[PDB]
Visitor: 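Here it is, the structure, as structure tokens.
Ligands are counted one by one from 1 in listed order, and the atoms in each one are counted from 1 as well. When reading the values below, keep in mind they use all heavy atoms of this one structure, side chains included, and skip hydrogens, waters and symmetry mates. Each residue takes its place number in the sequence, starting with 1.
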Amino acid sequence: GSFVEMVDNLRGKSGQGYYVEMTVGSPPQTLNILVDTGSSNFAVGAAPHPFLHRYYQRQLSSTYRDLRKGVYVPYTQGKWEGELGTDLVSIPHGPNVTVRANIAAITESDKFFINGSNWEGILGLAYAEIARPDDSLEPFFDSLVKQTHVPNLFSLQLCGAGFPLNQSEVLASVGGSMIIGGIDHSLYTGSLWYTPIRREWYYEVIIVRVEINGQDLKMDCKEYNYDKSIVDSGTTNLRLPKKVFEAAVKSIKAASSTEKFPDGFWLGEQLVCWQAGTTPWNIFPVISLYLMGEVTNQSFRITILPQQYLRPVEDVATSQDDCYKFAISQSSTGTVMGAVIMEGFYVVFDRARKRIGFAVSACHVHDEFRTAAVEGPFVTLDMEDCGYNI
Ligand SMILES: COC[C@H]1CCCN1C(=O)c1cc(C)cc(C(=O)N[C@@H](Cc2cc(F)cc(F)c2)[C@H](O)[C@H]2C[C@@H](Oc3ccccc3)CN2)c1
């Protein structure tokens, strides 16, 4: 590990998001910020809200600059409205630099802030193409790279605990690492495999094959990327296009048929519980997603375990049972490789070389019999045809 200052700088969990501490303004105002590779706006609460115990106070920053323009961002789930401006921003446990970046001061919001999440803003790390109001509003990472010598790359190690974390614990626990400008070798085991960033807007990739316990889902690969597939730390679940979800659930149910679960479980709505320590991990299948490789007709695969797609939750009766919710759900906007997927790997967002790397995470949850994996190469033909075009 060559970036000790940034290792273990994240906190949080799937379900509420992973966040990093940042400062805005002069003198610096400390705020916890959700790391979101699924959007491109840097926005922070800038007015009182029931779920915030602190917020950005522009009138107290001598370096605040008003851009005199409104901004509105309606995410798939959640939305906010605010006022644009710029100010000096730093990341205490990050590169030792300070940059002037665009900041959306949130004045109104609906289902955006989460009670007890401990974060007060969001850091959209994707590209300008999807920034609101439009691509003229330079994203934070673009500003960072343009104003400093920080390499154009960042990597994320999101660490799920494998069990529920109460309010006290989640605040004291290390949730992972965001290495700005590099790759820390202590955060992963094995080799890093890279898939091309198809287009620079979201971090879009192309899935070329899907397996459930080695069994080919057998769908036209175009379906897997309809209408796109993205790597998104801002979304908890692995979300799959309607038809893929239906096929995947049917196959996962078949593989785990020795136990019957209620429909509410498969809809990702209700939890299932087992006596402490008896979760039957072995009856659930591993899921492999093959991604386009960097070499022609070559692919590699990432394999996750039920320890990744079954999200630990506290029992309603706060009993001693180990409970979980199915963290795979339906999408109408393409595949979303969310947090529960990212928790199994160290993910390298290599913007400079337009590629995303994957390696087995040093902090992924597993058992004595199976582990997550990143393997390759595999001969795969006509992978370009797996990509969707409107
Ligand atoms: C971590 O999970 C935390 C849990 C708690 C509540 C949110 N959440 C989810 O798992 C979840 C579920 C869905 C079906 C959508 C989004 C969603 O829209 N996420 C966005 C970020 C976000 C928004 C919030 F209001 C609250 C958050 F905690 C996180 C991404 O940018 C998504 C949205 C889309 O990209 C867009 C869409 C519109 C504009 C710009 C980008 C693809 N990336 C997030």
Visitor: N/O of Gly15 under 3.5 Å from N/O of ligand 1, yes or no?
Guide: no

Visitor: Between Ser109, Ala339, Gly234, which one has a non-hydrogen atom sitting closest to atom 1 (C) of ligand 1?
Guide: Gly234

Visitor: When you measure from the centre of the six-membered ring of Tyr194, is the NZ or CZ of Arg355 closer than 6.0 Å and no more than 45° off the axis?
Guide: yes

Visitor: Nearest protein heavy atom to atom 16 (C) of ligand 1, by residue and atom, and its distance?
Guide: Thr235 OG1, 3.7 Å

Visitor: Under the 3.5 angstrom rule, does the side chain of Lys242 hit a backbone N or O of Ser331 as a donor-acceptor pair?
Guide: no

Visitor: May I ask whether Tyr202 has any heavy atom positioned less than 4.0 angstrom from an atom of ligand 1?
Guide: yes

Visitor: Below the 3.5 angstrom mark, is there an N/O of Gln77, backbone or side chain, next to an N/O of ligand 1?
Guide: yes

Visitor: With a 4.0 Å cut-off on heavy atoms, is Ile230 touching ligand 1?
Guide: yes

Visitor: How about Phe378 and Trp193: are their ring centres within less than 6.0 Å of each other?
Guide: no

Visitor: Below 4.0 Å from any atom of ligand 1, is there a heavy atom belonging to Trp119?
Guide: yes

Visitor: Considering only heavy atoms, does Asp36 approach ligand 1 within less than 4.0 Å through its side chain, its backbone, both, or neither?
Guide: side chain

Visitor: Would you kindly specify which portion of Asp232 sits under 4.0 Å from ligand 1, judged on non-hydrogen atoms: side chain, backbone, both or neither?
Guide: side chain

Visitor: Which option wins on minimum heavy-atom distance to atom 34 (C) of ligand 1: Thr236, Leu125, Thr76?
Guide: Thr76

Visitor: Just by distance, with hydrogens left out, do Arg301 and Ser288 show a side-chain donor and acceptor under 3.5 Å apart?
Guide: no

Visitor: With a cut-off of 4.0 Å, which atoms of ligand 1 are near a heavy atom of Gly78?
Guide: 25 (F)

Visitor: Identify whether the distance between the nearest side-chain nitrogen and carboxylate oxygen of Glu120 and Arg54 falls below 4.0 Å.
Guide: yes

Visitor: Tell me which part of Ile114 gets within contact of ligand 1: side chain, backbone, both or neither, using heavy atoms under 4.0 Å.
Guide: side chain

Visitor: Heavy-atom distances under 4.0 Å are what count here, so tell me which part of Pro74 touches ligand 1: side chain, backbone, both or neither.
Guide: backbone

Visitor: Answer yes or no: is there an ion pair linking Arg11 with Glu21, defined by an N-O contact shorter than 4.0 Å?
Guide: no

Visitor: Decide whether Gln275 and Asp321 meet the rule of one side-chain donor and one side-chain acceptor closer than 3.5 Å.
Guide: no

Visitor: Decide whether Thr318 and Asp315 meet the rule of one side-chain donor and one side-chain acceptor closer than 3.5 Å.
Guide: no

Visitor: Does a salt bridge link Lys222 with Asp385, judged by any charged N lying under 4.0 Å from a carboxylate O?
Guide: no

Visitor: Quick one, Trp201 and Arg199 - any side-chain contact, counting heavy atoms below 4.5 Å?
Guide: yes

Visitor: Which part of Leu34 is near ligand 1, with near meaning a heavy atom under 4.0 Å away: side chain, backbone, both or neither?
Guide: side chain

Visitor: For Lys111 and ligand 1, does the shortest N/O to N/O distance drop below 3.5 Å?
Guide: no

Visitor: Please determine if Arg132 has a nitrogen or oxygen closer than 3.5 Å to a nitrogen or oxygen of ligand 1.
Guide: no

Visitor: Without hydrogens or angle criteria, can the side chains of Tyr18 and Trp119 be said to hold a donor-acceptor pair below 3.5 Å?
Guide: no

Visitor: Considering non-hydrogen atoms of the protein only, which is the closest contact for atom 26 (C) of ligand 1, and what is the distance?
Guide: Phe112 O, 3.9 Å

Visitor: Just need the protein heavy atom nearest to atom 41 (C) of ligand 1, so name the residue and atom and give the distance.
Guide: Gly38 O, 3.6 Å

